[PDB]
Amino acid sequence: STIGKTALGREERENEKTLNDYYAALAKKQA
Amino acid sequence: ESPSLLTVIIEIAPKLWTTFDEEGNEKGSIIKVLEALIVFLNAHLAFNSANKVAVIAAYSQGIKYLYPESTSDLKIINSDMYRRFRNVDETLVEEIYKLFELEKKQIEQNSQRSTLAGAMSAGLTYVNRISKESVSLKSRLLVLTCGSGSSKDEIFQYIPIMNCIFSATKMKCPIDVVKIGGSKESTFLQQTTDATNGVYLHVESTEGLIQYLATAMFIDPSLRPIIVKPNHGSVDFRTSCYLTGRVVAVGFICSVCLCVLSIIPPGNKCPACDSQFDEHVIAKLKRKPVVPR
Amino acid sequence: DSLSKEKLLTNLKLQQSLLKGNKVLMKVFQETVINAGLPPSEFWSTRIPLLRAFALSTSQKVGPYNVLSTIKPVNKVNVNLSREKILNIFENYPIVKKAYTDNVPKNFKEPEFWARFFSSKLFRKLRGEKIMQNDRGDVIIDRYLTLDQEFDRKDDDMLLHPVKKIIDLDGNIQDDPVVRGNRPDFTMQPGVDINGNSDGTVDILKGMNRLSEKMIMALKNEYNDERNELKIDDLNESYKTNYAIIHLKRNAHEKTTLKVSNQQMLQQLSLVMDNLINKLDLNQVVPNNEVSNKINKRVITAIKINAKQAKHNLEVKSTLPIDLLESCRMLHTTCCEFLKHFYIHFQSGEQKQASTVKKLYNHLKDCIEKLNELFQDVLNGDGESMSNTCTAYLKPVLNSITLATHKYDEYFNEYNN
Amino acid sequence: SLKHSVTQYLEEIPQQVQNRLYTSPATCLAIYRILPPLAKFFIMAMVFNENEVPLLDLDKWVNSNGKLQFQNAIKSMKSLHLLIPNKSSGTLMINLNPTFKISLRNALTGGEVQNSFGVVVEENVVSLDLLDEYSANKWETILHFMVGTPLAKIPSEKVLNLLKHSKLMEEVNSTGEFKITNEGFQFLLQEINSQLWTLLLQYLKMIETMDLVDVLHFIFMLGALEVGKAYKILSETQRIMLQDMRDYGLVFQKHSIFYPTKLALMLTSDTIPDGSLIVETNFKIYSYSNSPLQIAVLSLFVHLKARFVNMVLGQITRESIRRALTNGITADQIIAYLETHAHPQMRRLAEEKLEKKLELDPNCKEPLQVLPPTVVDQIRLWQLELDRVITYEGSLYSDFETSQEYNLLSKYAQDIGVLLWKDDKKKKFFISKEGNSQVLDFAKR
Amino acid sequence: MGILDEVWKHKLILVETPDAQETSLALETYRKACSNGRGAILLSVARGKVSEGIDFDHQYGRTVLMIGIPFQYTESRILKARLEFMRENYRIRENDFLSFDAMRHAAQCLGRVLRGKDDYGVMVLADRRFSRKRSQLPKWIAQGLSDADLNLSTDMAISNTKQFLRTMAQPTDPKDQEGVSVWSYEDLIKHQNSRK
Amino acid sequence: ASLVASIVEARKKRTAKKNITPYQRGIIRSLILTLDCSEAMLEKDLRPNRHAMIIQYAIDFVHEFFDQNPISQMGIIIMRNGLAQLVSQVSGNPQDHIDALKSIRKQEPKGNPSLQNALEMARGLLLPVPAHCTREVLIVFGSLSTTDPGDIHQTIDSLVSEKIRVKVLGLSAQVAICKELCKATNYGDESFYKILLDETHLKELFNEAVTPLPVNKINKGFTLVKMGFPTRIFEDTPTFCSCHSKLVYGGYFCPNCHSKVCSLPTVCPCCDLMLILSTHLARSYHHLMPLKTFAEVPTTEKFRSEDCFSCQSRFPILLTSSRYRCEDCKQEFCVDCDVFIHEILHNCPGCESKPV
Ligand SMILES: [Zn+2]
Ligand SMILES: [Zn+2]
Ligand SMILES: [Zn+2]
Ligand SMILES: [Zn+2]
Ligand SMILES: [Zn+2]
């Protein structure tokens with residue numbers, strides 16, 4: 001209701017790598 | 001902020017208070033508790049004008065509603081006091097007079113089991129009624145028990161009391177307990193206070209009881225969250241074994257019936273539901289720890 | 001199959017898969033397996049449900065459905081395809097895969113292939129739509145039209161099998177082989193054209209029939225009765241429950257760590273009765289001021305204790321620096337993991353795992369030394385300012401570890417010597 | 001505002017009078033109930049022990065969450081001087097008022113009370129037939145005469161004198177009539193409890209030379225009394241006061257014994273609807289009320305058209321709203337009356353409108369307006385129509401020798417808040433009549 | 001039109017074909033899809049092989065959609081000769097026999113959906129000419145056909161079907177059928193006593 | 001008659017309540033809650049839509065389930081795009097499941113439902129569950145069709161082989177396979193496939209599943225389970241929790257390895273021993289000694305007292321006596337108490353007061 005208004009108008013990457021190397025070592029060990 | 005109902009459960013029995021008087025040097029201490037309670041109830045009616053009061057006494061042979069009296073008078077207190085205070089006190093004392101007369105008549109009667117559990121259940125039913133009727137009221141249970149008299153067996157009180165805790169936890173009804181007697185702790189009522197946001201107090205001497213009632217058990221439900229309770233004991237929420245009667249920290253419970261056992265039951269059969277356990281499975285429990293050979 | 005405890009512990013590819021994505025699990029694995037030395041097979045023994053949950057996510061497939069019917073082409077018209085739909089089209093239609101595998105890398109790219117497929121009459125025939133001679137279609141795909149006529153024949157035999165006599169419609173028409181009546185009207189026969197040959201609507205009826213049959217048969221992959229169906233179930237006896245009852249007897253001994261006669265009870269009740277009838281003084285209730293102070297002191301004594309607890313009843317804010325705190329959490333987690341494995345093997349009850357218990361006992365002993373070394377390192381580094389605060393944060397785990405070693409030694413003493 | 005209003009009055013009274021006000025337990029039992037819940041908790045603790053408790057002990061009881069409440073409770077308790085702070089031996093010790101303490105102990109434990117609660121004649125009357133009728137009619141007469149509706153039996157000069165002397169119901173001999181004011185409609189908008197406290201509070205301030213404590217020994221004691229029973233007759237001032245109280249429908253007298261009434265118990269503590277009305281977009285009103293009080297107050301800003309036994313139907317018009325505004329009734333109060341006396345049907349439809357608004361877009365929570373916004377907007381617009389022309393009484397200052405002087409005088413008027421308009425180009429400014437003399441005096445100096 | 005595409009999403013489409021063995025395979029598949037919850041729809045001819053002995057009870061039939069009255073081909077020399085023969089000999093009017101022939105097939109298909117009294121299904125006769133053939137239906141079918149269902153619309157039939165299917169999924173009260181629709185030995189003896 | 005109509009309906013409602021036998025119930029449960037989130041769940045027969053209401057009632061069910069089954073555990077699965085999606089592992093923490101359900105509440109349901117995928121996933125989740133637990137699957141189904149990759153009948157046989165039990169709540173009508181699943185799995189009982197008829201009946205159906213299921217007589221798995229009752233400690237300085245490795249002030253100490261745990265009831269993270277409080281067992285005693293129903297008293301006989309035994313509410317005089325009595329103690333009760341004595345309380349106040 002417009003009454004009062006004015007009117008209008010005009011790091012993880014390192015952790016991942018050491019894991020990948022670790023698993024690579026594993027698979028080598030198993031084989 | 002809001003009116004609150006106080007439902008006092010008083011455990012008056014000839015055997016309970018007699019032992020209390022003999023073990024001590026105070027005679028007729030029940031009168032001291034009675035007059036202390038009368039002032040306590042008057043104090044509750046003065047906190048606000050819209051709060052009611054209920055007293056349920058558990059006598060030797062059952063329970064009775066001291067206040068309000070059933071629809072079905074002597075002068076013990078001066079008639080010059082406040083009208084509302086007297087209207088609740090005179091009836092309270094009159095029903096005490098009748099109850100003692102009735103209890104005295106059956107003095108020879110063999111009352112072996114206490115009736116505290118039934119009184120607490122009755123109070124909870126009254127709390128449910130009062131809240132349902134008016135519409136917007138709080139509630140609170142106060143249990144005044146005399147623990148001096150040696151009890152026979154409290155095991156039967158466990159199941160009823162434990163059922164009151166859950167119901168009291170549903171309706172937000174803090175149940176406080178006051179114990180006047182020898183043993184410092186009551187394992188079941190202490191758990192009742194802790195599990196329902198209540199206050200537990202134990203006092204050896206009957207005299208000066210109003211001080212404890214006014215300062216400790218006067219916290220209305222409206223200001224429970226802001227007041228720290230003065231309870232000093234610590235409960236462990238443990239239960240006693242079923243055939244050895246000792247508190248168990250680690251043990252065995254039957255899956256079918258959920259009965260605790262400190263040791264493997266003799267005969268490899270549960271002593272509560274008569275359910276036979278698999279010999280292979282129990283053998284698993286008997287195994288000793290693994291150590292290198 | 002590959003959803004059991006054994007293979008999930010041996011499927012190293014799966015173990016490395018969920019460990020790559022899950023970071024918190026990766027956090028414990030690095031500390032406990034790489035530097036600590038805990039065996040891999042032991043680490044996954046307590047996390048079987050995690051492995052199985054991650055395996056079931058990628059190992060399930062949607063059911064068969066009519067895929068080419070969902071393809072609405074909707075002058076240029078754009079139709080959207082997805083990898084899942086492409087696989088579905090291949091699964092439900094082996095001819096499309098046959099024409100796909102031999103042409104994608106050889107002659108033209110996949111975008112052209114599928115553009116040709118939808119324009120071809122093959123897509124129209126497979127969609128259960130009557131082929132129009134006017135439609136040009138695609139030259140390349142049309143070569144497989146005759147091949148499909150051979151695959152349909154091979155599929156009709158893949159579905160043909162003897163039918164139960166209950167619903168065998170062939171035996172009804174062969175019931176009397178010499179029946180000669182009046183040939184049925186053209187309304188009871190398949191439609192034909194002026195030249196007398198089939199109009200082709202029966203072919204699409206068979207096509208959808210075959211599609212439904214193949215879908216149902218695909219359900220029954222590698223992964224007496226008549227009597228029951230004919231019986232009237234409603235006329236049989238109602239099902240009766242066979243639930244067992246239990247009657248709980250209640251009797252147990254009381255908890256284990258002056259007798260007043262009726263005359264004394266009667267005398268006291270007379271005394272209180274006399275004391276009550278005569279008079280009752282409420283004003284006497286007030287204490288004597290020598291007990292009120294004692295009572296207040298006793299009450300405040302417990303209030304202080306409760307208030308002490310109640311002020312400190314998302315981890316709570318801590319005082320230690322972040323670097324030290326994180327190093328403490330790592331040491332707590334690794335120590336607890338060893339504790340878990342030690343008890344799993346210690347309480348197994350089979351003596352074949354004695355060596356594993358010995359290894360885990362050694363790890364726990366090393367954990368005690370590591371905890372002491374960390375305390376010493378903080379003590380000298382920070383001058384005991386944080387050492388006392390550091391010793392409290394790891395007190396419960398230290399007590400638990402030493403208790404585990406103590407129990408191991410106590411049972412070792414009695415057992416071995 | 002109920003407990004706030006009564007408490008606020010009790011704070012301004014000097015300490016020397018508060019000590020005397022606690023001699024009668026009847027009053028103590030009433031003042032005790034008005035304090036915050038924490039205040040009552042601490043008061044009950046100290047009443048039964050004859051010792052002194054350090055403040056830190058009180059602080060220990062409160063939990064960390066409720067620490068804020070402990071500040072209001074202690075402040076309100078100290079304001080009434082119930083709690084006496086005594087500091088000695090390096091500790092700020094805290095004690096309870098001895099007179100308040102003894103009075104409460106007497107009230108709770110049934111000690112000698114000096115008839116603070118009164119006595120009983122044991123000659124009961126019928127509450128429903130007479131007490132309800134007597135005070136309802138007596139309270140009806142004062143409110144009807146307040147609303148301006150014509151009435152046969154006008155109230156006595158006592159309450160009439162009180163009404164005019166209060167801001168309620170301004171009167172003028174030149175006008176020859178009485179009309180309600182801004183606070184008047186607010187008073188009629190207040191519940192029975194506060195509606196009664198306003199008159200009693202005004203009576204307390206009106207009396208002069210009758211003790212102030214005695215007039216409170218009666219009102220608070222009157223709460224202790226229970227309806228439907230007799231009370232034999234007390235202080236000398238309480239006799240004429242009792243008769244004066246009889247004109248407000250608080251106490252019924254047959255002609256030796258006086259009987260409190262429903263309103264008497266309505267003073268101490270708290271405790272389809274009649275008065276609920278429907279307002280349409282057509283600016284119509286249908287009130288589901290059968291009571292001349294509600295009809296009269298509706299007539300303040302409603303053009304009544306007809307009535308039935310069950311309801312009253314009228315129309316909102318510019319004439320009625322202008323009539324109410326001329327009396328000082330603000331449009332905000334009018335809409336408050338309409339909203340708080342709205343029919344359930346309006347509430348249910350408004351709730352459904354809100355639900356649909358939230359159903360399409362739950363991001364924004366529009367306010368729940370029970371009655372249509374057009375009526376509110378039109379009423380406010382009519383208020384603006386009354387506020388169109390603005391006029392002040394004052395003087396125009398001009399013909400200044402120097403810009404410095406014009407700025408000096410005008411700036412001074414701005415500083416003291418009496419400047420209404422200025423123009424630097426013309427070196428002119430206008431100041432209110434209130435600030436004329438100050439500006440003139442400053443000009444000379 | 002694309003109507004089949006919408007059907008394919010909810011159920012499998014099995015069609016009766018001139019070949020008997022292929023239709024038998026369609027029946028096998030249709031029953032299989034009904035049992036495993038996949039849902040199936042079977043399009044058949046009212047005067048075909050399926051309607052002359054195959055029963056669709058319990059899950060194999062929960063709704064019957066009779067698309068039009070199964071009239072014969074009127075412009076048939078054999079039928080016209082038979083109609084003339086019946087009219088002169090047995091005084092049967094040609095329209096009466098044609099309606100009787102059509103209804104005996106429509107009812108034939110309707111009754112293949114219930115086996116016991118615990119079986120339920122919806123029978124819809126989709127033709128404006130069915131509205132006046134209620135008296136021509138079997139007595140047990142006509143009694144169940146309400147006066148409001150004589151001429152419905154597709155939406156009004158769907159709404160009723162949804163309500164009916166929901167109602168038939170509730171546990172039946174045994175007492176409601178203990179001795180009025182199902183008889184034990186004791187109930188049968190009573191019926192032999194009162195009658196005599 | 002209208003008032004009498006209320007009475008007779010009340011008597012009929014009481015008729016079912018009269019039959020109460022102390023059936024053996026499986027207190028230690030392991031439930032797998034399966035929800036349907038497919039295209040068929042976008043309908044508006046349930047306001048605002050099926051998905052919204054089902055999730056809301058699922059949260060309420062989770063609250064109620066763990067309130068009255070403290071030593072049980074739950075897992076949540078949903079069906080989406082013809083696949084079964086896991087959203088909560090089997091656990092005893094009621095807050096984890098509510099959080100998962102709240103997250104599910106946002107995403108729009110789409111795709112086809114697959115009973116086989118959900119059942120297979122539920123079968124795998126209940127594999128690491130002891131033999132003394134009751135393996136249960138509660139499926140909330142809304143579709144009328146099932147698209148499965150394999151043979152559902154084989155899955156049903158596997159479910160029966162593993163002693164899993166299935167309850168299905170359907171939305172619109174009976175599906176043939178669902179009836180078979182609920183029947184072949186419940187030893188031939190056909191009462192475990194329920195189809196609601198309105199919103200209100202759905203709430204009752206969810207509420208009914210909270211109580212434990214009675215066990216079959218031929219399915220014996222009786223055993224003693226090793227439990228532990230820890231002691232709560234109040235510490236001055238925070239300490240690491242052995243379950244989440246985060247600083248908390250106080251926690252219960254396990255009596256077998258002394259490791260602390262944040263909240264109960266849980267299996268200790270170290271010794272794999274279940275830690276519970278005595279109250280958690282007491283919450284289930286009313287399922288083993290159910291309070292025998294109360295029977296109304298005919299007006300022909302004379303009543304004992306004018307007011308209720310436990311609540312002191314005078315019985316109205318009114319046709320139908322407003323009294324219910326407990327046979328064990330023979331104490332009349334008001335109509336209001338009896339509902340509260342058999343649903344909230346579980347001990348008859350009259351029996352307790354009587355001395356022996
Ligand atoms: Zn047992
Ligand atoms: Zn934790
Ligand atoms: Zn442990
Ligand atoms: Zn009752
Ligand atoms: Zn009983």
# chains A, B, ... in the order shown; residues from 1 in each chain; ligands from 1
>>> interface_residues(of="chain D", to="chain C", cutoff="6 Å", atoms="only C-alpha atoms", output="PDB file with N, CA and C atoms, in the first residue's frame")
ATOM      1  N   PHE D  48      12.315 -17.571  54.622  1.00  0.00           N
ATOM      2  CA  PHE D  48      12.252 -18.505  55.739  1.00  0.00           C
ATOM      3  C   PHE D  48      13.553 -18.614  56.523  1.00  0.00           C
ATOM      4  N   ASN D  49      14.642 -18.019  56.043  1.00  0.00           N
ATOM      5  CA  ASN D  49      15.928 -18.082  56.725  1.00  0.00           C
ATOM      6  C   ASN D  49      16.295 -16.704  57.258  1.00  0.00           C
ATOM      7  N   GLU D  50      16.589 -16.632  58.554  1.00  0.00           N
ATOM      8  CA  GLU D  50      16.959 -15.378  59.208  1.00  0.00           C
ATOM      9  C   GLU D  50      18.480 -15.269  59.176  1.00  0.00           C
ATOM     10  N   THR D 109       2.261 -19.016  56.735  1.00  0.00           N
ATOM     11  CA  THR D 109       2.179 -19.907  57.885  1.00  0.00           C
ATOM     12  C   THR D 109       0.964 -19.623  58.763  1.00  0.00           C
TER      13      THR D 109
END
>>> residues_near_ligand(ligand="ligand 3", cutoff="6 Å", atoms="only C-alpha atoms and all ligand atoms", output="ChimeraX atom specification")
/F:254,256-257,259,268,270-271,273
>>> residues_near_ligand(ligand="ligand 2", cutoff="12 Å", atoms="only C-alpha atoms and all ligand atoms", output="list in words")
residues 314, 315, 316 and 333 of chain C; 93, 238, 239, 240, 241, 242, 243, 244, 245, 246, 247, 248, 249, 250, 251, 252, 259, 260, 261, 262, 263, 264, 266, 268 and 269 of chain F
>>> write_last_selection(atoms="N, CA and C atoms", output="short mmCIF file (atom, residue, chain, number, x, y, z; two decimals), in the first residue's frame")
data_model
loop_
_atom_site.label_atom_id
_atom_site.label_comp_id
_atom_site.auth_asym_id
_atom_site.auth_seq_id
_atom_site.Cartn_x
_atom_site.Cartn_y
_atom_site.Cartn_z
N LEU C 314 30.35 -29.36 14.99
CA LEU C 314 31.17 -28.24 15.42
C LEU C 314 31.88 -28.55 16.73
N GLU C 315 33.19 -28.77 16.65
CA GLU C 315 33.98 -29.03 17.84
C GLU C 315 34.13 -27.75 18.66
N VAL C 316 34.18 -27.92 19.99
CA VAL C 316 34.30 -26.77 20.87
C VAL C 316 35.58 -26.01 20.56
N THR C 333 43.58 -40.38 15.79
CA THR C 333 42.89 -41.26 14.85
C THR C 333 43.71 -42.52 14.58
N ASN F 93 22.20 -43.64 14.59
CA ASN F 93 22.11 -42.22 14.86
C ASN F 93 20.88 -41.66 14.15
N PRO F 238 38.26 -30.38 27.50
CA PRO F 238 37.78 -31.26 26.43
C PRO F 238 38.73 -32.42 26.13
N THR F 239 38.21 -33.45 25.47
CA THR F 239 39.01 -34.61 25.09
C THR F 239 38.49 -35.14 23.76
N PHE F 240 39.37 -35.83 23.04
CA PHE F 240 39.01 -36.38 21.74
C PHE F 240 38.03 -37.54 21.90
N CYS F 241 37.02 -37.57 21.04
CA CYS F 241 36.08 -38.67 20.98
C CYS F 241 36.63 -39.76 20.07
N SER F 242 36.43 -41.02 20.47
CA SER F 242 36.93 -42.15 19.71
C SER F 242 36.08 -42.48 18.50
N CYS F 243 34.92 -41.83 18.34
CA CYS F 243 34.01 -42.10 17.23
C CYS F 243 34.16 -41.09 16.10
N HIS F 244 34.30 -39.80 16.42
CA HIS F 244 34.39 -38.76 15.41
C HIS F 244 35.71 -38.01 15.42
N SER F 245 36.58 -38.27 16.40
CA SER F 245 37.88 -37.61 16.49
C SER F 245 37.73 -36.09 16.50
N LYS F 246 36.81 -35.62 17.35
CA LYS F 246 36.59 -34.19 17.54
C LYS F 246 36.47 -33.90 19.02
N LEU F 247 36.78 -32.66 19.40
CA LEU F 247 36.82 -32.27 20.80
C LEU F 247 35.40 -32.09 21.33
N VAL F 248 35.04 -32.88 22.34
CA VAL F 248 33.80 -32.71 23.07
C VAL F 248 34.13 -32.73 24.56
N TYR F 249 33.26 -32.10 25.35
CA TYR F 249 33.54 -31.93 26.77
C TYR F 249 33.47 -33.25 27.51
N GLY F 250 32.31 -33.90 27.49
CA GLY F 250 32.12 -35.13 28.24
C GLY F 250 31.47 -36.20 27.38
N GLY F 251 31.78 -37.44 27.71
CA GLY F 251 31.23 -38.58 26.99
C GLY F 251 31.31 -39.82 27.84
N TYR F 252 30.49 -40.80 27.48
CA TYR F 252 30.42 -42.04 28.25
C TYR F 252 31.68 -42.87 28.03
N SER F 259 37.60 -46.30 26.10
CA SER F 259 37.47 -45.26 25.09
C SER F 259 36.13 -44.55 25.25
N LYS F 260 36.14 -43.23 25.04
CA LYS F 260 34.94 -42.43 25.24
C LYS F 260 34.16 -42.29 23.94
N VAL F 261 32.84 -42.18 24.07
CA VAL F 261 31.93 -42.08 22.94
C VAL F 261 31.01 -40.88 23.17
N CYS F 262 30.69 -40.18 22.08
CA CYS F 262 29.92 -38.95 22.21
C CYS F 262 28.50 -39.22 22.71
N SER F 263 27.79 -40.15 22.08
CA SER F 263 26.38 -40.35 22.37
C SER F 263 26.04 -41.83 22.32
N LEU F 264 24.96 -42.19 23.00
CA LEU F 264 24.42 -43.54 23.05
C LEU F 264 23.06 -43.60 22.37
N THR F 266 25.36 -46.83 20.90
CA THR F 266 26.22 -47.11 19.76
C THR F 266 27.13 -48.28 20.09
N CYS F 268 30.80 -49.58 20.39
CA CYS F 268 32.02 -48.88 20.70
C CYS F 268 32.98 -48.94 19.51
N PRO F 269 33.60 -47.82 19.12
CA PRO F 269 34.45 -47.83 17.92
C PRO F 269 35.68 -48.72 18.03
#
>>> residues_around(residues="residue C:335", least_positions_apart="6", cutoff="8 Å", atoms="only C-alpha atoms", output="PyMOL selection string")
chain C and resi 364+367+397+401
>>> select_by_dssp(residues="stretch 229-272 of chain D", states="alpha helix (DSSP H)", output="VMD selection string")
chain D and resid 237 to 245 262 to 265
>>> residues_near_ligand(ligand="ligand 5", cutoff="12 Å", atoms="only C-alpha atoms and all ligand atoms", output="PyMOL selection string")
(chain B and resi 118+121-122) or (chain F and resi 291-295+309-310+324-333+338+341-342+346-354)
>>> write_last_selection(atoms="N, CA and C atoms", output="tab-separated table (two decimals), in the first residue's frame")
chain	number	residue	atom	x	y	z
B	118	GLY	N	2.47	-46.87	42.26
B	118	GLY	CA	1.10	-46.56	41.90
B	118	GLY	C	0.76	-45.10	42.10
B	121	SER	N	2.19	-43.10	39.24
B	121	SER	CA	1.38	-43.30	38.04
B	121	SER	C	0.08	-42.52	38.14
B	122	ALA	N	-0.56	-42.52	39.31
B	122	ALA	CA	-1.79	-41.76	39.49
B	122	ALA	C	-1.55	-40.27	39.29
F	291	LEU	N	-0.29	-54.44	28.65
F	291	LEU	CA	-1.35	-54.27	29.63
F	291	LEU	C	-2.66	-54.78	29.06
F	292	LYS	N	-3.29	-55.72	29.76
F	292	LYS	CA	-4.51	-56.33	29.24
F	292	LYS	C	-5.62	-55.30	29.16
F	293	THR	N	-6.35	-55.32	28.05
F	293	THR	CA	-7.32	-54.29	27.74
F	293	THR	C	-8.35	-54.16	28.86
F	294	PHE	N	-9.04	-53.02	28.85
F	294	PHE	CA	-10.10	-52.74	29.81
F	294	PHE	C	-11.45	-52.94	29.13
F	295	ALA	N	-12.39	-53.54	29.86
F	295	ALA	CA	-13.72	-53.85	29.36
F	295	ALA	C	-14.74	-52.98	30.07
F	309	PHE	N	-10.51	-43.81	39.61
F	309	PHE	CA	-9.56	-44.26	40.62
F	309	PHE	C	-8.26	-43.45	40.57
F	310	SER	N	-7.76	-43.17	39.37
F	310	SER	CA	-6.43	-42.59	39.21
F	310	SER	C	-6.44	-41.08	39.00
F	324	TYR	N	-14.59	-47.99	32.66
F	324	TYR	CA	-13.81	-49.14	32.20
F	324	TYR	C	-13.01	-49.67	33.38
F	325	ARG	N	-12.96	-50.99	33.50
F	325	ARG	CA	-12.38	-51.64	34.66
F	325	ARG	C	-11.20	-52.50	34.26
F	326	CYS	N	-10.22	-52.58	35.16
F	326	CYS	CA	-9.09	-53.50	35.02
F	326	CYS	C	-9.41	-54.77	35.80
F	327	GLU	N	-9.45	-55.90	35.09
F	327	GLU	CA	-9.78	-57.18	35.70
F	327	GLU	C	-8.77	-57.58	36.77
F	328	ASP	N	-7.49	-57.27	36.55
F	328	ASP	CA	-6.46	-57.70	37.50
F	328	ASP	C	-6.71	-57.10	38.88
F	329	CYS	N	-7.07	-55.82	38.94
F	329	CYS	CA	-7.31	-55.14	40.20
F	329	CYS	C	-8.76	-54.73	40.41
F	330	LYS	N	-9.59	-54.73	39.37
F	330	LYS	CA	-11.00	-54.39	39.48
F	330	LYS	C	-11.18	-52.98	40.04
F	331	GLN	N	-10.65	-52.00	39.30
F	331	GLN	CA	-10.79	-50.59	39.63
F	331	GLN	C	-11.31	-49.85	38.41
F	332	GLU	N	-12.46	-49.19	38.57
F	332	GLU	CA	-13.07	-48.48	37.45
F	332	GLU	C	-12.19	-47.32	37.01
F	333	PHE	N	-12.19	-47.06	35.70
F	333	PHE	CA	-11.39	-46.01	35.10
F	333	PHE	C	-12.26	-45.18	34.16
F	338	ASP	N	-8.08	-44.52	30.30
F	338	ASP	CA	-7.79	-45.79	29.64
F	338	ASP	C	-6.99	-45.60	28.36
F	341	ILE	N	-3.57	-44.73	29.70
F	341	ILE	CA	-2.94	-45.83	30.41
F	341	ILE	C	-2.40	-46.90	29.46
F	342	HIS	N	-2.92	-46.97	28.23
F	342	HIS	CA	-2.54	-48.00	27.28
F	342	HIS	C	-1.70	-47.48	26.12
F	346	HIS	N	2.20	-47.54	30.68
F	346	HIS	CA	2.09	-48.96	30.37
F	346	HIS	C	1.99	-49.80	31.64
F	347	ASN	N	1.63	-49.19	32.76
F	347	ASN	CA	1.36	-49.88	34.01
F	347	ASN	C	0.03	-49.38	34.56
F	348	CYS	N	-0.83	-50.31	34.95
F	348	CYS	CA	-2.13	-49.93	35.49
F	348	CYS	C	-1.94	-49.36	36.89
F	349	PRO	N	-2.34	-48.11	37.16
F	349	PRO	CA	-2.13	-47.55	38.50
F	349	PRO	C	-2.82	-48.35	39.59
F	350	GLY	N	-3.96	-48.97	39.30
F	350	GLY	CA	-4.65	-49.75	40.31
F	350	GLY	C	-3.85	-50.96	40.74
F	351	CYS	N	-3.24	-51.66	39.78
F	351	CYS	CA	-2.47	-52.86	40.11
F	351	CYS	C	-1.28	-52.52	41.00
F	352	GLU	N	-0.59	-51.41	40.70
F	352	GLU	CA	0.57	-51.04	41.49
F	352	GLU	C	0.19	-50.75	42.94
F	353	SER	N	-0.92	-50.03	43.15
F	353	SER	CA	-1.31	-49.65	44.50
F	353	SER	C	-1.71	-50.84	45.35
F	354	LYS	N	-2.19	-51.92	44.75
F	354	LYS	CA	-2.63	-53.07	45.52
F	354	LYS	C	-1.43	-53.75	46.18
>>> closest_atom_pairs(of="chain B", to="chain F", cutoff="7 Å", atoms="only C-alpha atoms", output="CSV")
residue,atom,partner,partner_atom,distance
B:61,CA,F:355,CA,6.1
B:62,CA,F:353,CA,4.8
B:63,CA,F:353,CA,6.2
B:111,CA,F:355,CA,6.0
B:112,CA,F:356,CA,6.2
B:113,CA,F:355,CA,5.3
B:115,CA,F:353,CA,4.9
B:117,CA,F:352,CA,6.2
B:118,CA,F:352,CA,4.5
B:121,CA,F:349,CA,5.5
B:122,CA,F:310,CA,4.7
B:125,CA,F:311,CA,5.7
B:126,CA,F:311,CA,4.7
B:129,CA,F:311,CA,6.9
B:160,CA,F:347,CA,6.1
B:162,CA,F:282,CA,6.4
B:163,CA,F:346,CA,6.5
B:164,CA,F:345,CA,6.9
B:167,CA,F:344,CA,5.8
B:236,CA,F:231,CA,5.2
B:237,CA,F:278,CA,5.5
B:238,CA,F:278,CA,5.3
B:239,CA,F:278,CA,6.1
B:249,CA,F:229,CA,5.0
B:250,CA,F:228,CA,4.2
B:251,CA,F:227,CA,5.7
B:252,CA,F:226,CA,4.6
B:253,CA,F:224,CA,5.7
B:254,CA,F:224,CA,4.8
B:255,CA,F:224,CA,6.2
B:256,CA,F:222,CA,6.8
B:258,CA,F:281,CA,6.8
B:277,CA,F:223,CA,5.3
B:278,CA,F:223,CA,6.5
B:281,CA,F:223,CA,6.7
